[PDB]
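Only one chain is given next, in structure tokens, and it is the form deposited in one PDB entry.
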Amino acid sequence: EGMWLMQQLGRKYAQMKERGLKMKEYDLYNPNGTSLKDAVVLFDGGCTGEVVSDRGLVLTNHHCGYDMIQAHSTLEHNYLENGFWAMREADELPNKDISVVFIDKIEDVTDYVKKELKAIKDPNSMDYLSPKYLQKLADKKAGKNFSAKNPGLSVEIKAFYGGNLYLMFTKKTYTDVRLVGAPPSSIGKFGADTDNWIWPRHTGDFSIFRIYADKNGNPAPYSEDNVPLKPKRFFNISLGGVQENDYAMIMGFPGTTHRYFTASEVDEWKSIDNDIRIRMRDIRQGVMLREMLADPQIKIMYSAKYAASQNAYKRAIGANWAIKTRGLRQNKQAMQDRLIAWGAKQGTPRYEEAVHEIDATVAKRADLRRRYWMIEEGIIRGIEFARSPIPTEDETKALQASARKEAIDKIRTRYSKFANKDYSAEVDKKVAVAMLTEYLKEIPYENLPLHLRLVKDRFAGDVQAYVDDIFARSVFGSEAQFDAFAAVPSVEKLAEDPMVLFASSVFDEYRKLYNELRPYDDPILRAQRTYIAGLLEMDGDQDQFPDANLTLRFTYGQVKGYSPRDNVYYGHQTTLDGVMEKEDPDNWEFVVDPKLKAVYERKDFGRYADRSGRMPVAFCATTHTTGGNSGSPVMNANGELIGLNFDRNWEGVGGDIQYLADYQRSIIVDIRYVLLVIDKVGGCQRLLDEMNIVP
């Protein structure tokens, strides 16, 4: 049920042993020695990765190394659709702007931070959560020129439990991380967007990289002289597979959770955040779908835009299902009522006062937050011409020196990016008419961005006419309209441009709402410090984990399926047979790689198939994971690698607020399927040979 701090391993060890853990405590996490923890990395600032060889080979998800596979791909060598398999270390491709972060040391610095904070004065100061303030304390503690005395190292202090616990992390960062191997996108992204958040899953979501360093294994930027890193710890790969009920554990960097939400915050997340996102994206996606289905060229231009909007839409549907069916609101209400009753008993009323302050702040910001989500979902992300060019003061104080041509060249560059090869003004007008009709129904005239008041005032409520007039008269309405402007440009034309006025107006309102809403975060945050302190003093820092905050955590559970609905059961493991069942040659998402199809037909599964002869693909577990856990190593009871985490099912997305034992699962690619693809699809034996594969 939790995402535990490494410090909490001692207090959780006995239960983990009861659940099946066989390894010694300090072999997993040692605060003053080498352990399995030293083989986990933060891959490219978001994902998790893991070292799997004494030469710095790193495994992570295909969707984690996707940008690097795409950057090295050309029409000549398309690594994204064909895969990439460097047959020698010298063939491994360097990557610009990549990093791998090791968590070298972790220390509890709570007393230090709390004593430094006492020099306050302002009791409402937010310095206790300020990265700038906490970095000043981290540098003070580490020393004057720490990074120069310990090269490649850096320190960071983070708040936990709403400002009740602080940890200082000593990090070692490597920036020479090279692409080694990747399956084709047909394997790496088999489900593609249709199977996102879906269990059963049949995606071989993996990619292979390598950490490079100088002669002494110290961090160094890309250099042709860099040598592969010999890490102090790497995972052994298990070939024993998984069975139902097997103990499993994960280490990784979960990003965010909201475990200490009040009941009022759950209601707000549902009725504002999720309902607005669901309704607004449903309108946007509906119009996009009609247009993509009717014109194959529109499908090409809008596929990525449609898929990008669907991802958080699906999350919101999944989260609202948990609020409606799993009693999230009620369990938060029970959590706060129990603290309020215990505080009354002890004579300490500050916890009830804290929950009341949160409720009052939530109730007060309701209309503002509704207006913010309505404009953000409805217009800022809903309508493409909202992100059309807005002339700067530098560009206007140029059109009225003769760098008038330099002003127009900068405006043209931005116009070309807005009206790019994937932009359809006709599709955008149709989306805007449906999105603005909904926006104008929900937001009253007095709360409208100034230019939208023209719908009622100048266009007699005809939204279609208003949108038609924006494109007919705007210099960004077509290429010919822009060129006519660029030939005779005046500041008076830009100041009265209907598209510029629309874009400026909606951005002004979006910033005004953001600025007016920002002051409401602080009383909530301060009250959460008192609220979580009460919860911890009452029930202990034992079965209540601190919210995720992109720091290293461990979670444990079992390889287990679940029943999604009445009379339906999803098992704990998918097979290669499931890939073949889903095969569809006339659908890019469900195309099956011919080398993999042949492997399946011949049953060329080597040492990777199970005891029954079926080739495993993926499994699911009751571990508690969230965004940031992509690429996380999944370990056995002996700490051996059995898979990589790559997703979680939609039924469990409400798990960020309340873990769902009967529904929430981590979706993991079986390590045996990873090895089968490297071996029979990539034919990259050197990668298998450098790993320590245990029978």
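So that the term is clear: the rigid core is the largest set of C-alpha atoms that superpose within 1.5 Å between two forms. Don't overthink the numbering: it's just position in the shown sequence, from 1.
Per-stretch RMS Cα distance to the displayed form in 9 other deposited structures of this protein, following rigid core alignment, is highest for 390 to 398 when 390 to 398 and 551 to 559 are compared. After superposing on the rigid core, the larger RMS C-alpha deviation in 9 other deposited structures of this protein belongs to 463 to 471, the other candidate being whichever of 463 to 471 and 347 to 355 remains. Per the record, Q400 and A401 are separated by 1 to 3 deposited residues that are missing from the model.
Taking the PDB entry as given, 578 to 586 carries the higher mean Cα B factor of the two stretches 255 to 263 and 578 to 586. Legend: mean Cα B-factor per stretch from the PDB entry, 631 to 639 versus 65 to 73; the higher mean is in 65 to 73. The top Cα temperature factor in the record, among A319, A159, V109, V227, falls on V227. Highest CA B-factor among the listed residues (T175, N274, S563, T413): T413. Per-chain ranking of the deposited C-alpha B factor places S490 in the highest third.
Ranked within its chain, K314 lands in the lowest third, by CA B factor from the PDB record.
Sort the modelled residues of the chain by CA B factor and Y247 lands in the lowest third. For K22, the recorded CA B-factor ranks within the middle third of the chain. Only modelled residues enter the ranking.
Among the modelled residues of its chain, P183 has a C-alpha B-factor that falls in the middle third, as given in the PDB entry.
A second form of this protein, the form deposited with a small molecule bound, is not displayed here; the remarks below concern that form.
Using a 4.5 angstroms limit between non-hydrogen atoms, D670 is distant from the small molecule in the bound PDB entry. Residue contact with the small molecule in the bound PDB entry: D205 places a heavy atom within 4.5 Å of it. For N196, a non-hydrogen atom is located within 4.5 Å of the small molecule in the bound PDB entry, even though that partner is not displayed. In the bound PDB entry, at least one heavy atom of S630 sits within 4.5 Å of a heavy atom of the small molecule. Of the stretches 197 to 205, 170 to 178, 212 to 220, 255 to 263, only 197 to 205 has residues with a heavy atom within 4.5 Å of the small molecule in the bound PDB entry. This chain is drawn without the small molecule; in the bound PDB entry, the residue among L660, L57, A39, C47 with a heavy atom within 4.5 Å of it is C47.
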